[PDB]
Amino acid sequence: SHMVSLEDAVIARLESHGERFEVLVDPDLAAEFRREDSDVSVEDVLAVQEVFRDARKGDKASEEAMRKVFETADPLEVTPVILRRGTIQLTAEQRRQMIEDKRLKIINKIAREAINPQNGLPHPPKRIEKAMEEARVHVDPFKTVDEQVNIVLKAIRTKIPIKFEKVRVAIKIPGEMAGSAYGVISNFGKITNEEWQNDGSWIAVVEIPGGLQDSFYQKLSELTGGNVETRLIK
């Protein structure tokens, strides 16, 4: 059962005519809540169901002040307005930790999904990282990894040849390993076709994120102790 630690909670703040209203929120869930068509409930976003004047100092808002500003004193009705119209306040440590966390996740997600369209091959994480530096990418502490991946990809595509692309790999493995390979495959992609062979081996066509071509081969080879054949489809 999930909860934001009080250490990890951030503040969402809304000011009206010089008066602050603040709530303590899970930063990941708060970011999701801000997205279009999110299924995250406000109850899951809030660390406590209380509206503060100052959330770090613990001074809380009057019901009268909330009614004046929001036309409601219900924290579950006030909070969505603060989240959608307000700002996010981070401590120095939180900003540093969040940027670092998201930076690594962005590098990995790009490395996983991307290929070099010139040769069809993956870019190692280190290459993506180097491109981000060249493009002087600033990672945001708060924006979701999903949103930032697209921003960052656009920024680095002038530095390196890069595109998100799924690829299809045909694999051939001994029949004894087919059950086991299904489990490995499910970490990497989706089986689009599979056929037991006349000779007892098993062939599967697997659609994977293009940046995983080498990792996929490595895991399959380790599983089958080298008893695997792979090729890119066509």
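Residue numbers here begin at 1 and follow the sequence given.
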{"property": "Mean temperature factor over C-alpha atoms, higher-scoring stretch between 2 to 10 and 225 to 233", "result": "2 to 10"}
{"property": "Comparing 84 to 92 with 126 to 134, the one whose average Cα B-factor in the PDB entry is higher", "result": "126 to 134"}
{"property": "Most elevated Cα B-factor in the entry, residues 71, 77, 147, 113", "result": "147"}
{"property": "C-alpha B-factor winner, where the candidates are 54, 64, 28, 39", "result": "39"}
{"property": "Residue 60 - which third its CA temperature factor falls in, relative to the rest of the chain", "result": "lowest"}
{"property": "Third assignment of residue 107 from its chain's C-alpha B-factors", "result": "lowest"}
{"property": "Residue 45 - Cα temperature factor, lowest/middle/highest third of chain", "result": "lowest"}
{"property": "Residue 200 by Cα B-factor - lowest, middle or highest third of the modelled chain", "result": "highest"}
{"property": "Record-listed C-alpha B factor of residue 192: chain third", "result": "lowest"}
